[PDB]
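Notes for the one structure printed next.
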Amino acid sequence: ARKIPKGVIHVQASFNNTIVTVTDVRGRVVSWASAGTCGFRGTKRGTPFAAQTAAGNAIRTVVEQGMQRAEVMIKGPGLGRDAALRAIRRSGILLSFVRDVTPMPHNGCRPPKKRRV
Amino acid sequence: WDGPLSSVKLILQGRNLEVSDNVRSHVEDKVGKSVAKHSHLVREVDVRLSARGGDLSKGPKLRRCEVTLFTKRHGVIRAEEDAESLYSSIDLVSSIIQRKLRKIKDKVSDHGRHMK
Amino acid sequence: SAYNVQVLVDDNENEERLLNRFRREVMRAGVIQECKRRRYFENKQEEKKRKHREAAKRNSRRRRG
Amino acid sequence: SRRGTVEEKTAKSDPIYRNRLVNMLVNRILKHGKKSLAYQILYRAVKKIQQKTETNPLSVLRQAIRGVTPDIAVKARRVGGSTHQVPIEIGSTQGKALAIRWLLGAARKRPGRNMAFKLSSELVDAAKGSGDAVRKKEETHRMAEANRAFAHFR
RNA sequence: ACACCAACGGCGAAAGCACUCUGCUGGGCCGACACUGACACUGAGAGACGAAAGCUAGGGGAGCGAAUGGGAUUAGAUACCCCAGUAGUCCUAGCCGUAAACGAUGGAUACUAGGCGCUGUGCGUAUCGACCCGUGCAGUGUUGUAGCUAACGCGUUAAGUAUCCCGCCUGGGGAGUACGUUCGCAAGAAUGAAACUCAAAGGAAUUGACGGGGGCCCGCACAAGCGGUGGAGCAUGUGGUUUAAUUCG
RNA sequence: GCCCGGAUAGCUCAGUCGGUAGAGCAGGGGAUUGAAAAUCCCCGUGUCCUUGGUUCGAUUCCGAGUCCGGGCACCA
Ligand SMILES: [Mg+2]
Ligand SMILES: [Mg+2]
Ligand SMILES: [Mg+2]
Ligand SMILES: [Mg+2]
Ligand SMILES: [Mg+2]
Ligand SMILES: [Mg+2]
Ligand SMILES: [Mg+2]
Ligand SMILES: [Mg+2]
Ligand SMILES: [Mg+2]
Ligand SMILES: [Mg+2]
Ligand SMILES: [Mg+2]
Ligand SMILES: [Mg+2]
Ligand SMILES: [Mg+2]
Ligand SMILES: [Mg+2]
Ligand SMILES: [Mg+2]
Ligand SMILES: [Mg+2]
Ligand SMILES: [Mg+2]
Ligand SMILES: [Mg+2]
Ligand SMILES: [Mg+2]
Ligand SMILES: [Mg+2]
Ligand SMILES: [Mg+2]
Ligand SMILES: [Mg+2]
Ligand SMILES: [Mg+2]
Ligand SMILES: [Mg+2]
Ligand SMILES: [Mg+2]
Ligand SMILES: [Mg+2]
Ligand SMILES: [Mg+2]
Ligand SMILES: [Mg+2]
Ligand SMILES: [Mg+2]
Ligand SMILES: [Mg+2]
Ligand SMILES: [Mg+2]
Ligand SMILES: [Mg+2]
Ligand SMILES: [Mg+2]
Ligand SMILES: [Mg+2]
Ligand SMILES: [Mg+2]
Ligand SMILES: [Mg+2]
Ligand SMILES: [Mg+2]
């Protein structure tokens, strides 16, 4: 739909799922792919493999718009933080910068209590 | 005895002793409670009665009740009790059974998260 | 804009080296351990436990090696 | 098998064709240890397969087993209190084993008259990929790949 | 609410106190003779401070979250888990006065090996300024001699050897309850019995057995195979009933 | 009384701009699981309302008939 030569890839990795969004430097969203939209449900939705197919599935659409260089943003403690990165590499798209944006509060809102499990 | 337990085999065996109607009914009641709640697991109840002492033999008047449970999955629930009256003995065994049972149900059926 | 870890990929790029460089950056800033730590809340006691445990761990790893 | 592993046993050769493979299958076909009967059944199977088609049966073996050999299966693992199907990858000897076994199994279940007829029917159907012993393997793959997410050794 | 700094670090009488800054102010320690010349130590009653929860009045309300509701789990689940979420948590002005308010160790003084540390300072040395070294004090931490202790352990920061003052204990339940008073807006706090009843209740170490605590390792124990039982018919062993007896084990 | 929309697998509805009849559950099977469930995959069934017309032939387009789901009315 839009052919943008350079932009950014946001990958949020949580413990139950990982979102991979494709955007451009103007701060605008083009197309996204989630581990859940790939036909995965809750348990499997956390594994690095679903993050793999998620990243691959977004980059399908990003090469279809004909884009070349990109920055990678990784947010969150989950597993896909490593796995997704591999996909970004093997999908044959030039890797500019890979940053870790995981929000670190400098103090603040008191987190939920400890699960006694 | 129970319908919800109909799937269970209740086997009542006097060893040295003669079984009456009150012993029957009492066995059905006290084993009845024990098993009834945990019925889904339980399979076969084997109760043997052994009397000794008084006029039969030397030593105190002892009546000893042994019970044995099997579950569809786990086997060997063994409960051995010694006491004065048959009734007392049965009450004791039922007290033990209950505990062992709900220990099994506790372990396995808890969705216990066992990581290893 | 803000960032924690900066890995700039050159054109000598192969997958494994990039992946491990990034892995050691995350290990260096201690981020995943940090967000496992702030996942739930800790009383001062578990904080003292974590301080003595981790600090004496890395300190004894410096004094033995 | 907790302590000692297994030493390797001499791989024999079937008397007529000098094969390791044919001897594998005549050993797995065996029942009540009458080799006398097994050799007869298998040789009349070679006879009916050379009757039906003019291709070398020595090759129809390799086509039959290359056809039904699983490269992957699953296994039950207990991981984190969760019971997982984990797609463990299969060794070669185990591959040939499985192969010969589903072949023989689907061969014992056939509608026919003899065992030589059934075995030939199924070698003919597995060498073309046309039958239950290949279908079975492909199901093992279908249920290996649906569960592909649960291998963390990937 | 204050990441990193943060430390087996600093100050505080204790409670507690940490993004940064400035202002008002409390102590502490050290070096000098500059001075007073026993002014000391403790403390019944009495006073002040005193985490968190709680309460009164007024604000404030993001997150968290008693209560409450829904979803599950389970024989049941008024719990653990999840989804929401009210009091409260915050600020001002008060009240309450309790905690495993713990070093489970009242305060002052004197005196009794060391080793390894740290913080603040002082002296000499090193250079002429940062170390550096040796040392004097003041506090703070870890091993350990004498001695002490029922044992564990404590051991110049005593639980050692002595002196002084103060609080408290006198078998376990009954019970930190009742009654009565004092205080409190209330919740309660402080002071604190007796009848009755038991021959025990307790501490420290030891050998076992046990743990849905660890570490190491075996066994056709599981797995991987091959054949069976449970279904059918009969053979037979036992229980049960039956019988004059179905001998007993 | 008018105005719309429907009748399609046992149930619930997707429908080329006429050339194959389809989804999601109910069912059967397999392990999942020591046993439950998730987890997962396979398989079965059709006069596309009844009738005629159009067409090289129709679920598809049109006429009549029948039933069903709703929307809006009126001075015995
Ligand atoms: Mg999870
Ligand atoms: Mg070994
Ligand atoms: Mg101090
Ligand atoms: Mg604080
Ligand atoms: Mg000052
Ligand atoms: Mg004078
Ligand atoms: Mg006083
Ligand atoms: Mg006060
Ligand atoms: Mg408060
Ligand atoms: Mg109230
Ligand atoms: Mg208020
Ligand atoms: Mg709120
Ligand atoms: Mg919440
Ligand atoms: Mg509820
Ligand atoms: Mg409400
Ligand atoms: Mg309920
Ligand atoms: Mg909320
Ligand atoms: Mg106040
Ligand atoms: Mg007190
Ligand atoms: Mg305290
Ligand atoms: Mg030095
Ligand atoms: Mg000192
Ligand atoms: Mg000490
Ligand atoms: Mg010591
Ligand atoms: Mg003492
Ligand atoms: Mg007192
Ligand atoms: Mg007394
Ligand atoms: Mg009053
Ligand atoms: Mg109360
Ligand atoms: Mg007293
Ligand atoms: Mg003890
Ligand atoms: Mg042990
Ligand atoms: Mg053990
Ligand atoms: Mg055995
Ligand atoms: Mg086995
Ligand atoms: Mg039988
Ligand atoms: Mg005798």
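In the structure tokens, the first chain shown is A, the next is B, and so on; residue numbers restart at 1 for each chain, and ligands run from 1 in the order shown.
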Ligand 8 neighbours within 10 Å using only C-alpha atoms (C1' of nucleotides) and all ligand atoms, as a PyMOL selection string: chain E and resi 48-50+95-97
Given 9 Å and only C-alpha atoms (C1' of nucleotides) and all ligand atoms, residues near ligand 35 as a list in words: residues 220, 222, 223, 224 and 225 of chain E
Save the residues we just selected, N, CA and C atoms (P, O5', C5', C4', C3', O3' and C1' of nucleotides), as a PDB file, in the first residue's frame?
ATOM      1  P     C E 220      17.743 -55.864  36.479  1.00  0.00           P
ATOM      2  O5'   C E 220      16.379 -55.496  35.746  1.00  0.00           O
ATOM      3  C5'   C E 220      15.296 -56.417  35.725  1.00  0.00           C
ATOM      4  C4'   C E 220      13.972 -55.701  35.637  1.00  0.00           C
ATOM      5  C3'   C E 220      12.763 -56.500  36.141  1.00  0.00           C
ATOM      6  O3'   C E 220      11.809 -55.612  36.746  1.00  0.00           O
ATOM      7  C1'   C E 220      12.420 -55.874  33.895  1.00  0.00           C
ATOM      8  P     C E 222       7.441 -51.827  35.622  1.00  0.00           P
ATOM      9  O5'   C E 222       7.759 -50.362  35.079  1.00  0.00           O
ATOM     10  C5'   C E 222       6.798 -49.324  35.191  1.00  0.00           C
ATOM     11  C4'   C E 222       7.346 -48.007  34.706  1.00  0.00           C
ATOM     12  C3'   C E 222       7.537 -47.853  33.204  1.00  0.00           C
ATOM     13  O3'   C E 222       6.337 -47.566  32.497  1.00  0.00           O
ATOM     14  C1'   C E 222       9.460 -47.073  34.324  1.00  0.00           C
ATOM     15  P     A E 223       6.061 -48.207  31.042  1.00  0.00           P
ATOM     16  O5'   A E 223       7.189 -47.575  30.107  1.00  0.00           O
ATOM     17  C5'   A E 223       7.088 -46.233  29.646  1.00  0.00           C
ATOM     18  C4'   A E 223       8.408 -45.729  29.117  1.00  0.00           C
ATOM     19  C3'   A E 223       8.857 -46.306  27.784  1.00  0.00           C
ATOM     20  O3'   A E 223       8.255 -45.657  26.678  1.00  0.00           O
ATOM     21  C1'   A E 223      10.652 -46.392  29.318  1.00  0.00           C
ATOM     22  P     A E 224       7.371 -46.495  25.626  1.00  0.00           P
ATOM     23  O5'   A E 224       8.451 -47.334  24.799  1.00  0.00           O
ATOM     24  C5'   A E 224       9.370 -46.693  23.920  1.00  0.00           C
ATOM     25  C4'   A E 224      10.381 -47.663  23.352  1.00  0.00           C
ATOM     26  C3'   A E 224       9.836 -49.003  22.875  1.00  0.00           C
ATOM     27  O3'   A E 224       9.194 -48.951  21.609  1.00  0.00           O
ATOM     28  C1'   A E 224      11.691 -49.398  24.250  1.00  0.00           C
ATOM     29  P     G E 225       7.767 -49.673  21.383  1.00  0.00           P
ATOM     30  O5'   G E 225       8.127 -50.887  20.417  1.00  0.00           O
ATOM     31  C5'   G E 225       7.692 -52.207  20.704  1.00  0.00           C
ATOM     32  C4'   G E 225       8.852 -53.167  20.807  1.00  0.00           C
ATOM     33  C3'   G E 225       8.466 -54.618  21.051  1.00  0.00           C
ATOM     34  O3'   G E 225       8.164 -55.304  19.855  1.00  0.00           O
ATOM     35  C1'   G E 225      10.047 -53.972  22.659  1.00  0.00           C
TER      36        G E 225
END
Residues within 12 Å of residue 2 in chain F, only C-alpha atoms (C1' of nucleotides), excluding chain neighbours under 4 positions, as JSON, numbers by chain: {"F": [71, 72, 73, 74]}
Test item, strand (DSSP E) assignment across chain C, answer as an NGL selection string: :C and (5-8)
Would you save the residues of that selection, restricted to N, CA and C atoms, as a short mmCIF file (atom, residue, chain, number, x, y, z; two decimals), in the first residue's frame?
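In the end it all went to out-v8.cif:
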data_model
loop_
_atom_site.label_atom_id
_atom_site.label_comp_id
_atom_site.auth_asym_id
_atom_site.auth_seq_id
_atom_site.Cartn_x
_atom_site.Cartn_y
_atom_site.Cartn_z
N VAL C 5 20.20 -0.43 25.65
CA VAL C 5 21.27 -1.13 24.94
C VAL C 5 21.37 -0.68 23.48
N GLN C 6 22.58 -0.32 23.05
CA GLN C 6 22.80 0.06 21.66
C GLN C 6 23.74 -0.92 20.96
N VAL C 7 23.18 -1.70 20.04
CA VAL C 7 23.99 -2.57 19.21
C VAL C 7 23.89 -2.07 17.77
N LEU C 8 24.98 -1.53 17.24
CA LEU C 8 25.01 -1.10 15.85
C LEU C 8 25.58 -2.21 14.97
#
Return as JSON lines the residues of chain E lying at most 10 Å from ligand 29, together with the closest atom-to-atom pair for each and the distance in Å to one decimal, counting only C-alpha atoms (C1' of nucleotides) and all ligand atoms, with rows in chain order and ascending residue number.
{"residue": "E:54", "atom": "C1'", "partner": "ligand 29", "partner_atom_place_in_ligand_line": "1 (Mg)", "distance": 9.8}
{"residue": "E:187", "atom": "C1'", "partner": "ligand 29", "partner_atom_place_in_ligand_line": "1 (Mg)", "distance": 6.1}
{"residue": "E:188", "atom": "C1'", "partner": "ligand 29", "partner_atom_place_in_ligand_line": "1 (Mg)", "distance": 7.9}
Residues near residue 140 in chain D, cut-off 9 Å, only C-alpha atoms (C1' of nucleotides), skip fewer than 6 positions along chain, as a PyMOL selection string: chain D and resi 70+72-74
Selection file, C-alpha atoms, as a PDB file, in the first residue's frame:
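Heads up, here's the output in selection_17.pdb:
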ATOM      1  CA  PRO D  70       9.663 -41.382   9.912  1.00  0.00           C
ATOM      2  CA  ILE D  72      10.534 -37.373  13.383  1.00  0.00           C
ATOM      3  CA  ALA D  73       7.990 -38.400  15.991  1.00  0.00           C
ATOM      4  CA  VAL D  74       6.810 -37.039  19.309  1.00  0.00           C
TER       5      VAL D  74
END
Shell of 12 Å around ligand 11 (only C-alpha atoms (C1' of nucleotides) and all ligand atoms), written as a ChimeraX atom specification: /E:55-61,87-92
Residues of chain A within 8 Å of chain D, counting only C-alpha atoms, as JSON, numbers by chain: {"A": [44, 47, 49, 50]}
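By only C-alpha atoms (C1' of nucleotides), and with residues fewer than 5 positions from range 15-25 of chain C along its chain excluded, the set lying at most 8 Å from it is residues 82, 85, 86, 89 and 90 of chain A; 5, 7 and 9 of chain C.
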Alpha helix (DSSP H) call set, DSSP backbone run, chain B, as number ranges by chain: B: 21-36, 86-109
Quick one: write out the picked residues with N, CA and C atoms as a CSV table (one decimal), in the first residue's frame?
chain,number,residue,atom,x,y,z
B,21,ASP,N,-25.3,-58.2,62.0
B,21,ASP,CA,-26.0,-57.2,61.2
B,21,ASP,C,-25.6,-55.7,61.6
B,22,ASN,N,-25.3,-55.5,62.8
B,22,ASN,CA,-24.9,-54.2,63.4
B,22,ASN,C,-23.5,-53.9,62.9
B,23,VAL,N,-22.7,-54.9,62.8
B,23,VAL,CA,-21.3,-54.8,62.3
B,23,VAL,C,-21.3,-54.4,60.8
B,24,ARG,N,-22.2,-55.1,60.1
B,24,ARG,CA,-22.5,-54.8,58.7
B,24,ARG,C,-22.8,-53.3,58.5
B,25,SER,N,-23.9,-52.9,59.1
B,25,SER,CA,-24.4,-51.5,59.0
B,25,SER,C,-23.4,-50.5,59.4
B,26,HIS,N,-22.7,-50.8,60.5
B,26,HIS,CA,-21.6,-49.9,61.0
B,26,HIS,C,-20.5,-49.8,60.0
B,27,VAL,N,-20.1,-50.9,59.4
B,27,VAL,CA,-19.0,-50.9,58.4
B,27,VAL,C,-19.4,-50.0,57.2
B,28,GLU,N,-20.6,-50.3,56.7
B,28,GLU,CA,-21.2,-49.5,55.7
B,28,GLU,C,-21.2,-48.0,56.0
B,29,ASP,N,-21.6,-47.6,57.2
B,29,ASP,CA,-21.6,-46.2,57.6
B,29,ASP,C,-20.2,-45.5,57.6
B,30,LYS,N,-19.3,-46.1,58.4
B,30,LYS,CA,-18.0,-45.5,58.7
B,30,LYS,C,-17.1,-45.6,57.5
B,31,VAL,N,-17.1,-46.7,56.8
B,31,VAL,CA,-16.3,-46.8,55.5
B,31,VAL,C,-17.0,-45.9,54.5
B,32,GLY,N,-18.4,-45.8,54.6
B,32,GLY,CA,-19.2,-45.1,53.7
B,32,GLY,C,-18.8,-43.6,53.7
B,33,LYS,N,-18.7,-42.9,54.8
B,33,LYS,CA,-18.2,-41.6,54.8
B,33,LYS,C,-16.9,-41.4,54.2
B,34,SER,N,-15.9,-42.2,54.7
B,34,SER,CA,-14.6,-42.2,54.2
B,34,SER,C,-14.4,-42.2,52.7
B,35,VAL,N,-15.1,-43.1,52.1
B,35,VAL,CA,-15.0,-43.3,50.7
B,35,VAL,C,-15.9,-42.4,49.9
B,36,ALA,N,-17.1,-42.1,50.3
B,36,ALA,CA,-18.1,-41.4,49.6
B,36,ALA,C,-17.7,-40.1,48.8
B,86,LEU,N,-15.0,-53.4,68.4
B,86,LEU,CA,-15.1,-53.4,66.9
B,86,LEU,C,-15.4,-52.0,66.4
B,87,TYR,N,-16.5,-51.5,67.0
B,87,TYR,CA,-16.9,-50.2,66.6
B,87,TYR,C,-15.8,-49.1,66.7
B,88,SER,N,-15.1,-49.1,67.9
B,88,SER,CA,-14.0,-48.2,68.0
B,88,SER,C,-12.9,-48.4,67.0
B,89,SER,N,-12.6,-49.7,66.7
B,89,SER,CA,-11.6,-50.0,65.7
B,89,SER,C,-12.0,-49.5,64.3
B,90,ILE,N,-13.2,-49.7,63.9
B,90,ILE,CA,-13.7,-49.2,62.6
B,90,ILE,C,-13.7,-47.7,62.5
B,91,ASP,N,-14.0,-47.0,63.6
B,91,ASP,CA,-13.9,-45.6,63.7
B,91,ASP,C,-12.5,-45.1,63.4
B,92,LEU,N,-11.6,-45.8,64.1
B,92,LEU,CA,-10.1,-45.6,63.9
B,92,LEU,C,-9.7,-45.8,62.4
B,93,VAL,N,-10.0,-46.9,61.8
B,93,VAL,CA,-9.6,-47.2,60.5
B,93,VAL,C,-10.1,-46.1,59.6
B,94,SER,N,-11.4,-45.7,59.7
B,94,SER,CA,-12.0,-44.7,58.9
B,94,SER,C,-11.3,-43.4,59.0
B,95,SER,N,-10.9,-43.1,60.3
B,95,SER,CA,-10.1,-41.9,60.5
B,95,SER,C,-8.8,-41.9,59.7
B,96,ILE,N,-8.1,-43.1,59.6
B,96,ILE,CA,-6.9,-43.2,58.9
B,96,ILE,C,-7.1,-43.1,57.3
B,97,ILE,N,-8.1,-43.9,56.9
B,97,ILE,CA,-8.4,-43.9,55.5
B,97,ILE,C,-8.6,-42.5,54.9
B,98,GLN,N,-9.5,-41.7,55.6
B,98,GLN,CA,-9.8,-40.4,55.2
B,98,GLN,C,-8.5,-39.6,54.9
B,99,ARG,N,-7.6,-39.7,55.9
B,99,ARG,CA,-6.4,-39.0,55.8
B,99,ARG,C,-5.6,-39.4,54.5
B,100,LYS,N,-5.3,-40.7,54.4
B,100,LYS,CA,-4.5,-41.2,53.3
B,100,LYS,C,-5.1,-40.8,51.9
B,101,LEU,N,-6.4,-41.1,51.8
B,101,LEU,CA,-7.2,-40.7,50.6
B,101,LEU,C,-6.9,-39.2,50.2
B,102,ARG,N,-7.4,-38.3,51.1
B,102,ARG,CA,-7.3,-36.9,50.8
B,102,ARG,C,-5.8,-36.5,50.6
B,103,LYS,N,-4.9,-37.3,51.1
B,103,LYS,CA,-3.5,-37.1,50.8
B,103,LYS,C,-3.2,-37.4,49.3
B,104,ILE,N,-3.8,-38.5,48.8
B,104,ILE,CA,-3.6,-38.8,47.4
B,104,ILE,C,-4.3,-37.8,46.5
B,105,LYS,N,-5.5,-37.6,46.7
B,105,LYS,CA,-6.3,-36.5,46.0
B,105,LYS,C,-5.5,-35.2,46.1
B,106,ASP,N,-5.0,-34.9,47.3
B,106,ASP,CA,-4.2,-33.7,47.4
B,106,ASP,C,-3.0,-33.7,46.4
B,107,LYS,N,-2.2,-34.7,46.5
B,107,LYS,CA,-1.0,-34.7,45.7
B,107,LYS,C,-1.4,-34.6,44.2
B,108,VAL,N,-2.1,-35.6,43.7
B,108,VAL,CA,-2.2,-35.7,42.2
B,108,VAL,C,-3.2,-34.7,41.6
B,109,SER,N,-4.4,-34.5,42.3
B,109,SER,CA,-5.5,-33.9,41.7
B,109,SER,C,-5.5,-32.4,41.9
